[PDB]
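Enquirer: Here it is: the structure, laid out below.
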Amino acid sequence: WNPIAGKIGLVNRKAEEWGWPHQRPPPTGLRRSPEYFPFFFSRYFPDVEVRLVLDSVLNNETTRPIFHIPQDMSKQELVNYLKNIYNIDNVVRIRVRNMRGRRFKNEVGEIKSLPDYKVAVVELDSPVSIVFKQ
Amino acid sequence: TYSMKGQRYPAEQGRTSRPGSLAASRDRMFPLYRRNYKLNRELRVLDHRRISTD
Amino acid sequence: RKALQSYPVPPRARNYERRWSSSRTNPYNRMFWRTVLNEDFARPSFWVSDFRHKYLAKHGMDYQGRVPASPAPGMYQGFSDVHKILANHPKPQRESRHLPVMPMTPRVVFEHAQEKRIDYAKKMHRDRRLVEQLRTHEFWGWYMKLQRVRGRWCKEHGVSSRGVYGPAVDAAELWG
Amino acid sequence: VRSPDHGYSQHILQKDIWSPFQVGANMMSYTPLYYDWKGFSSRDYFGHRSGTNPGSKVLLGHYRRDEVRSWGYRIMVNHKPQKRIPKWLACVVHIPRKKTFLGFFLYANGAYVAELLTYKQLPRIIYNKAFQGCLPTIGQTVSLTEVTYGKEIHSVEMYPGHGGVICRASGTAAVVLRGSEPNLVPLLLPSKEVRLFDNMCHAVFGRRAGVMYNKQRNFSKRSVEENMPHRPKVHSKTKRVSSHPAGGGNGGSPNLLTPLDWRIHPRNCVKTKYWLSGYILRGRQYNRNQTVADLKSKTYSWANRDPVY
Amino acid sequence: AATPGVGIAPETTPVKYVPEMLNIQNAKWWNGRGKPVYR
Amino acid sequence: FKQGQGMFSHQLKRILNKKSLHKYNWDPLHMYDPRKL
Amino acid sequence: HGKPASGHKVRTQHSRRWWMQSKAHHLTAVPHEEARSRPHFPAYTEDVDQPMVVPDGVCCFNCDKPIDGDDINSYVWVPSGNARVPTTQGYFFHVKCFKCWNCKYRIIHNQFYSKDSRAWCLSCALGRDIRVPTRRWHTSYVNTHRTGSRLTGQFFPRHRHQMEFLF
Amino acid sequence: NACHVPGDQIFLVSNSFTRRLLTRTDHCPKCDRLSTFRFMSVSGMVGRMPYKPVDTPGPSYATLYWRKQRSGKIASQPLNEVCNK
Amino acid sequence: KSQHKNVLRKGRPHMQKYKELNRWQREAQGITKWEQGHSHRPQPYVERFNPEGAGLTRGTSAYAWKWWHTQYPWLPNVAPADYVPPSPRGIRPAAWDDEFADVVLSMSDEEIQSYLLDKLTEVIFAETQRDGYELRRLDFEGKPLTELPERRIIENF
Amino acid sequence: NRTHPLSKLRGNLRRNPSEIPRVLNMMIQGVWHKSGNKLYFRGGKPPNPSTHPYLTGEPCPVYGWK
RNA sequence: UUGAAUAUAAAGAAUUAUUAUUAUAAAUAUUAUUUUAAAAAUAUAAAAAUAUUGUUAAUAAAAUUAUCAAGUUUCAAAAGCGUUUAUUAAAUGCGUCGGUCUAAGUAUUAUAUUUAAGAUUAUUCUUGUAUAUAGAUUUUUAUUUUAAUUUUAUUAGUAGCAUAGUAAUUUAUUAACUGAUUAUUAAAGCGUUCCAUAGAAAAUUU
RNA sequence: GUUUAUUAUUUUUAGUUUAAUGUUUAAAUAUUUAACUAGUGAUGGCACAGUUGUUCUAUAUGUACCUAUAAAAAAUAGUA
Ligand SMILES: [Zn+2]
Ligand SMILES: [Zn+2]
Ligand SMILES: [Zn+2]
């Protein structure tokens, strides 16, 4: 990851935070507040993709279903997430990796590397399963 | 098995999903070579516990 | 070349120099005789060799006794990397009476990481024979089944297993 | 004890000065007296190993290395003994690198800190107390008023109350000279140059210490020359003529007429006195040739100081 | 490790040897980093 | 025998050309604080 | 006047004054000038005269706990040549009881000092006081089961075994 | 030429079993079980070296003194036989 | 020497040191290579210092690890950086009281420093000195020339 | 330790030009602690300091984190 | 894991190459990359009678060995043991000595040098640099620097000694352009000389 | 590892003063080997940079020819 801050990336941030060349800024007090819209669009309308891998939760019973969570979801948030959104109430230990997003060459030829994610092997108490009738 | 510096052959590493063959991970073709990091830690690394002084 | 201050413990073998001297191993057993034989060689390690200069002043005498080791709690409190203004001893303590505890310097923790990886190595060998004391131990136990089942079979089929001749060449107990 | 200083002589040439009474190394390194520092080698501002620019007195001798060893014995020294509070010589410590002897004095109001050890001092005796006389006892630190003509004093302080600077080296002694000045006393420093020391200055009575250093200390062992470690002092006549004017020559070239270190050090030329103090009376050049005794005869006044230098 | 190339002038006259003293051409387009400061 | 021909020496010669942010931080009037006037 | 009079010390190790200073003076008979020279000791001390086995009434000198008979190399068996006194054979120590008893760290360079049936570190047992080493504190560098002690002591011809040439 | 936990034996080793040379596993007769033997010393060779007599390396001065105790002074028992049958 | 075995290299290799990073920090800043404006000198380390060194001016035992051997003895005494000036506040010792305060407060802080020096020379050279040692030089016969010690002996006492 | 804007906590993920030389030496070099174990970066895939979850609190000795 | 966070197999010589990357830790895994029917050279040498240097610029410091891998002795020349890009009377280094320095470091000290330790001694004489100097130059020699052309006394001397030469004598060898000895005017060694001298390089004997 | 009364000192000494092989070689220095080997004073924290650093001094080296690299020129080359 390139640490060096680019000029444009701040300008592209403002124009969507508040209409930058046209609408004057919100006073710095509001920007330091949990009522600033991107801190308000977050505290009430989260944007997360906790996708579940099924290859470990399929017909084979499992006590350790595996997820993928965005790289910036820490453990105790994955608890809060499954607890308050998917009613999951039995999580004693979570086990978290970080994986370089999948890479490949498209038929054209550019290396189209997907975004990176974060395997988080949660460990439920009573095992869970999924049925697949053929 | 343990978290040691080692030399692996490249075919052993398993290839990406090829047109001829699915993604053959290094594990599902060599199960008994998956490192067991419980067995590593239990044996080779020093636990916070054993030196906790305060 | 990987300055020694980087290694957790300074390296065991210490390579030098000397275009006209070719030997890997540092000559120990000479660095040992000096030091054991001559008291002065190694700096006094202040405390165990202070505590005089503090007995002489307060008692009017030479201490004339073995100085306690393990510097008293409260000595060398501003020092940070003592390790020389001491023996390799730890920074003694606070000025407290709590039970002695090793201040877990990065060094002490490494020694813990050895005495666990020493017990690790001596354990991977101690039982590589314990099972080698089954494989060959049980291979023999089984091999003698073979020479028994061969021993039983070689009597009914009468193959004396002693050449083309009859035992009359054996009974002579010559070569023949 | 025979001869409180010995030329111990481990090898027939290697003669180091052991003194019976010398404290064993264990009773040497004292915590609140031990200083450690890296000494800059000869590197001065911009690394750049180099001496001093011609006019200055801050020494970075080009040929210097390993000045502070790191686990060498390094206790700090007092140099300011107090006037007439009794001492008590607890031990006599001998550091090789700082060739000085120095013994720990209790000093009778607890101060286990005093070092400079005058010649013929014994341990476990009280020193700073005067006998019936004015203050004529070996080790007694005497103001220059209290000395009489012709008796040695060491660790004389140059400016009164500013610590002893003159005659600190082993066996050295500044001899009084009986001057005529109103409130000043001239001392024949060992450099054969006389100096109008203020009479209120403090000096320690006696010789300095450790006689038999002037000679009789000869290492001649590769390990033992680490009492004085210094850089190699190369020939100036094998120095890559591009570098040093004395150089090359297909054989042993004797050397150039005017010797020079890098700038100039011609043999008796470079005399580098640039500022003479108001106290200075006759520099070492004005006396270098007379004798030790003839300089002890005259009386010294302001008219003896030569108006031109 | 570094070098100013100018050589440290006396502490009293801080600047001897400007690069102009040598009839130097230092256009920004010629050698790049040129344009002097005393200007 | 140099070292580190690998990829980190292949990025650190390409990503560091990225021009950092510039903010003309003008000099702070330490000794003459203007707001205490 | 062969000129290069300062030289390389080219011919050491090729001398007869050398051949006598290279020998080892071990516990054998091997009159002299017959012991091994370069490694200083012969490999495989044959000991057919006395079998040199680990005893049954064996115990740690430092710790005193009984020692596994022979199935293991957990014990550091120092047979000090012919010892007899420490045990039927020489001192015995589990690898972890091989520390100095008084100072409790390792026995540096492995020379120990049997103080009243508890191996003491030579430096402490000698009165010196520098009491912590650098490398490994509480475990010595020693070899196990005499494998480090077979550089010395009792090679094959211990005593006058002239039974060999006599009738 | 090989000993034991407490005993001895003797055997000439080939090239094929050079692996088992240092420490073998064998039936220790001063016991009734297989027990690990060692290699207390050499007792010759398994074949000839080129251009050399039958005893090219020679057993030892040592393994001979082991032999001179086994066969050696049998004077306790020339009775019950000497070499005959 | 004609054989460079080149195996005595390769042991304990050096860190990678990624010198492009310092090469970048130059450009990502106005400065060139820090031309001999500094060029450098070897900075001190924390180990070679000796805190509790009875020098150090007793205010600086952490800031003095930095600073040269030639400059740390002279580093000046300043303050704990939280010690406030002596403040002419009104808090009088709990039991010193008035009459004493009314008298003492009359004396100013050179009228009291002066009294203190006389008393201290009087406390020393009193029970303290007359009890054992002597602190005033004696004459021919051995009579104490000056009444009380000289102002220097007291200063260093 | 990246940190949330609102959180008063201070983390060492700086991006000032004076601080990136060390923030890369954490991501590519990693730290070799003097205790023998390699810290923050010990293997192959170098971390992404800007996709870390935010620093939640300073560590304590008794528990892990206050 | 019960730590939040964080990340765990793979190098460098251009290569999958000479190549144990020795930070550590011990010590019996029956761990697993090497074509093939010949004699020349050559790399190389198991084996084997005599002879022992007659080979050669010159034998002898010249791999391993279970037959267990080691030449002895005398003389002459030659210091320190460290350290060097064509590896040594190279350059270091202790002492002595010369000079400098009492407002940054202790004038039996530290700068700045010349030598070399140890043991004997350390000679004759000065035209210039330096010092001192007096408006400066020009003049000017207590010590120091450099010098001595017949300095040349001590001392060794055909010697790493400008030719003359294989020096003339003596030995030594069957044969002495070797080497050592005596003395001794050595093209112009020379007092820092000379002796003493150990593993080196020579010369013998063996 | 070791000789010696000796903490000094002989010296086990598998990476290095020699020799063979190699000679676009497995190597823009490797294989075998002689020698040497005792470093409480040193492969090594960071520090000095190009009319210059460093130099136990060899005009040696300061990134695999020190003539530093890198960069910028139209130097001169008709005077076989
Ligand atoms: Zn035990
Ligand atoms: Zn102990
Ligand atoms: Zn048995």
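No value in this document is a laboratory result; all are computed from the given coordinates. FYI the Cβ positions are ideal-geometry reconstructions off the backbone, even for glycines, and counts take in every protein chain you see.
Enquirer: Restricting attention to the range G:10-24, report how many residues are surrounded by fewer than 10 Cβ atoms within 10 Å (Cβ to Cβ) and more than 6 Å from RNA strand K (Cβ to nearest atom).
Expert: 1
Enquirer: Counting just the residues of the range J:8-22 that are touching a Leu at 6+ places or on another chain (Cβ under 7 Å) and more than 29 Å from C:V108 (Cβ to Cβ), which one comes out surrounded by the most Cβ atoms within 10 Å (Cβ to Cβ)?
Expert: J:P21
Enquirer: Anything in the range G:57-81 that is within 16 Å of RNA strand L (Cβ to nearest atom) and surrounded by fewer than 17 Cβ atoms within 10 Å (Cβ to Cβ)? List them, or say none.
Expert: Listed by number, the residues that qualify are G:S80, G:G81.
Enquirer: If I ask for residues that are more than 29 Å from D:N78 (Cβ to Cβ) and within 12 Å of another protein chain (Cβ to nearest Cβ), which ones from the range D:11-43 would you list?
Expert: Scanning the range D:11-43 gives a single hit, D:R43.
Enquirer: Is it the case that C:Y143 is away from chain J (no Cβ under 12 Å), more than 30 Å from C:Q93 (Cβ to Cβ), touching a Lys or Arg at 6+ places or on another chain (Cβ under 9 Å) and assigned to a helix (DSSP H, G or I)?
Expert: When the stated conditions are applied, C:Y143 does not pass them.
Enquirer: Then there is this: Would you kindly identify the helices (runs of 4 or more DSSP H) lying entirely within the range I:73-157 that contain at least 1 residues that are small (G, A, S)?
Expert: I:100-106, I:113-123
Enquirer: Residue check, G:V54 against (1) surrounded by 12 or more Cβ atoms within 10 Å (Cβ to Cβ); (2) more than 15 Å from the chain's Cα centre (by Cα); (3) away from ligand 3 (no atom under 16 Å from the Cβ); (4) in a loop (DSSP other than H, G, I, E, B), all met but one. Which one?
Expert: The number of the failed condition is (3).
Enquirer: Please verify whether G:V30 is under 28 Å from H:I10 (Cβ atoms), away from ligand 1 (no atom under 16 Å from the Cβ) and in contact (Cβ under 8 Å) with a residue 12 or more places away in the chain, treating the condition exactly as stated.
Expert: yes
Enquirer: Among the listed residues D:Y107, D:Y34, identify the single one that is surrounded by 18 or more Cβ atoms within 10 Å (Cβ to Cβ), over 20 Å from the mean Cα position of the chain (by Cα) and more than 16 Å from RNA strand L (Cβ to nearest atom).
Expert: Answer to the selection: D:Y107.
Enquirer: Is it the case that some residue within the range G:93-101 is in a loop (DSSP other than H, G, I, E, B), more than 14 Å from chain H (Cβ to nearest Cβ) and more than 13 Å from ligand 1 (Cβ to nearest atom)?
Expert: Scanning the range G:93-101, I find at least one residue that is in a loop (DSSP other than H, G, I, E, B), more than 14 Å from chain H (Cβ to nearest Cβ) and more than 13 Å from ligand 1 (Cβ to nearest atom), so the answer is yes.
Enquirer: Report, by residue number, each residue of the range I:86-135 that is within 31 Å of the chain's Cα centre (by Cα), of a type in the set (D, E, K, R) and under 30 Å from D:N109 (Cβ atoms).
Expert: Selection gives I:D109, I:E110, I:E111, I:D118, I:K119, I:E122.
Enquirer: Give J:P21, J:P59 a once-over and let me know the one that is under 25 Å from F:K18 (Cβ atoms), of a type outside the set (D, E) and free of Cβ contacts under 8 Å to residues at least 24 places away in the same chain. Outline the logic, then answer.
Expert: Values: J:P59 fails: under 25 Å from F:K18 (Cβ atoms).
Step by step, each of J:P21, J:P59 is checked, and only J:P21 is under 25 Å from F:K18 (Cβ atoms), of a type outside the set (D, E) and free of Cβ contacts under 8 Å to residues at least 24 places away in the same chain.
Enquirer: What about C:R34, is it in contact with a helix residue (DSSP H, G or I) (Cβ under 8 Å, 6 or more places away or on another chain), among the basic types (K, R) and away from RNA strand K (no atom under 15 Å from the Cβ)?
Expert: When the stated conditions are applied, C:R34 does not pass them.
Enquirer: Here's another thing I want to ask about it. Among helices (runs of 4 or more DSSP H) lying entirely in the range A:1-64, which contain 1 or more residues that are more than 14 Å from chain F (Cβ to nearest Cβ), in contact with a helix residue (DSSP H, G or I) (Cβ under 7 Å, 6 or more places away or on another chain) and acidic (D, E)? Spell out how you get there, then give the answer.
Expert: Working: elements: A:7-17, A:28-31, A:37-44.
Answer list for the range A:1-64: A:7-17.
Enquirer: Now a separate question. Considering only the range G:1-32, state which residues are within 21 Å of the chain's Cα centre (by Cα) and within 7 Å of RNA strand L (Cβ to nearest atom).
Expert: G:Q21, G:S22, G:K23, G:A24, G:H25
Enquirer: Here is a follow-up. Considering the range A:102-134 alone, what residues qualify as being more than 26 Å from A:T63 (Cα to Cα) and of a type in the set (G, A, S)?
Expert: Step one: of the range A:102-134, the residues more than 26 Å from A:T63 (Cα to Cα) are A:102-115.
Result: A:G109, A:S113.
Enquirer: Does G:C124 fit the bill of being of a type in the set (A, V, I, L, M, F, W, C), within 13 Å of another protein chain (Cβ to nearest Cβ) and without any contact (Cβ under 8 Å) to a residue 40 or more places away in the chain?
Expert: Values: of a type in the set (A, V, I, L, M, F, W, C): yes; within 13 Å of another protein chain (Cβ to nearest Cβ): yes; without any contact (Cβ under 8 Å) to a residue 40 or more places away in the chain: yes.
Here the answer is yes, as G:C124 does meet what is asked.
Enquirer: From the list J:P5, J:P49, exactly one residue is more than 7 Å from RNA strand K (Cβ to nearest atom) and either of a type in the set (F, W, Y) or more than 11 Å from the chain's Cα centre (by Cα) (or both). Which is it?
Expert: The conditions single out J:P5.
Enquirer: Follow-up. Given the condition outside any loop (DSSP other than H, G, I, E, B) and among the β-branched types (V, I, T), answer yes or no: does some residue in the range D:49-65 qualify?
Expert: Checked the range D:49-65: no residue is outside any loop (DSSP other than H, G, I, E, B) and among the β-branched types (V, I, T).
Enquirer: Looking at H:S71, H:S16, which is the one that is in a loop (DSSP other than H, G, I, E, B), among the polar types (S, T, N, Q), more than 9 Å from chain G (Cβ to nearest Cβ) and exposed (fewer than 10 other Cβ atoms within 10 Å of the Cβ)?
Expert: Details: H:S71 fails: in a loop (DSSP other than H, G, I, E, B).
None of the others qualify; the one that does is H:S16.
For every residue, the table says whether it meets (1) more than 14 Å from chain I (Cβ to nearest Cβ); (2) touching a strand residue (DSSP E or B) at 6+ places or on another chain (Cβ under 7 Å); (3) under 19 Å from B:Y2 (Cβ atoms); (4) of a type in the set (S, T, N, Q).
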| site | (1), (2), (3), (4) |
| --- | --- |
| C:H98 | yes, no, no, no |
| C:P106 | yes, no, no, no |
| C:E115 | yes, no, yes, no |
| C:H125 | yes, no, yes, no |
| C:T136 | yes, yes, no, yes |
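Enquirer: Also: Check D:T291, D:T272 and return the single one that is touching a residue at least 60 places away in the same chain (Cβ under 8 Å) and either among the hydroxyl-bearing types (S, T, Y) or assigned to a loop (DSSP other than H, G, I, E, B) (or both).
Expert: Of D:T291, D:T272, the one residue that is touching a residue at least 60 places away in the same chain (Cβ under 8 Å) and either among the hydroxyl-bearing types (S, T, Y) or assigned to a loop (DSSP other than H, G, I, E, B) (or both) is D:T272.
Enquirer: Can you go through A:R31, A:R51, A:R43 and tell me which one is over 18 Å from J:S7 (Cα atoms) and basic (K, R)?
Expert: Just one listed residue meets the conditions, A:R51.
Enquirer: Sticking with this structure for a sec: Looking for whichever is away from ligand 3 (no atom under 16 Å from the Cβ) and in a loop (DSSP other than H, G, I, E, B) here; the options are H:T56, H:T63. Which one fits? Give the derivation first.
Expert: Details: H:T63 fails: in a loop (DSSP other than H, G, I, E, B).
Sole residue among the options that is away from ligand 3 (no atom under 16 Å from the Cβ) and in a loop (DSSP other than H, G, I, E, B): H:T56.
Enquirer: Do any residues in the range C:1-23 that are over 18 Å from I:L8 (Cβ atoms) have Cβ atoms under 8 Å from those of residues that are part of a loop (DSSP other than H, G, I, E, B) and within 16 Å of ligand 2 (Cβ to nearest atom), where the two are at least six apart or on different chains, and which pairs are they?
Expert: Between residues of the range C:1-23 that are over 18 Å from I:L8 (Cβ atoms) and residues that are part of a loop (DSSP other than H, G, I, E, B) and within 16 Å of ligand 2 (Cβ to nearest atom), the close pairs are C:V9/G:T134; C:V9/G:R135; C:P10/G:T134.
Enquirer: On to the next question. Please go through the range C:103-115 and give me each residue that is over 22 Å from the mean Cα position of the chain (by Cα) and surrounded by 14 or more Cβ atoms within 10 Å (Cβ to Cβ), ordered by number. Give the derivation first.
Expert: First pass over the range C:103-115, keeping only residues over 22 Å from the mean Cα position of the chain (by Cα): C:103-105.
Across the range C:103-115, the qualifying residues are C:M104, C:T105.
Enquirer: Filter the range G:65-85 for residues that are within 14 Å of another protein chain (Cβ to nearest Cβ) and part of a strand (DSSP E or B); which is farthest from ligand 1 (Cβ to nearest atom)?
Expert: It comes out as G:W77.
Enquirer: Counting only residues that are within 30 Å of C:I85 (Cα to Cα), more than 14 Å from chain C (Cβ to nearest Cβ) and surrounded by fewer than 13 Cβ atoms within 10 Å (Cβ to Cβ), how many does the range I:1-60 have?
Expert: 2
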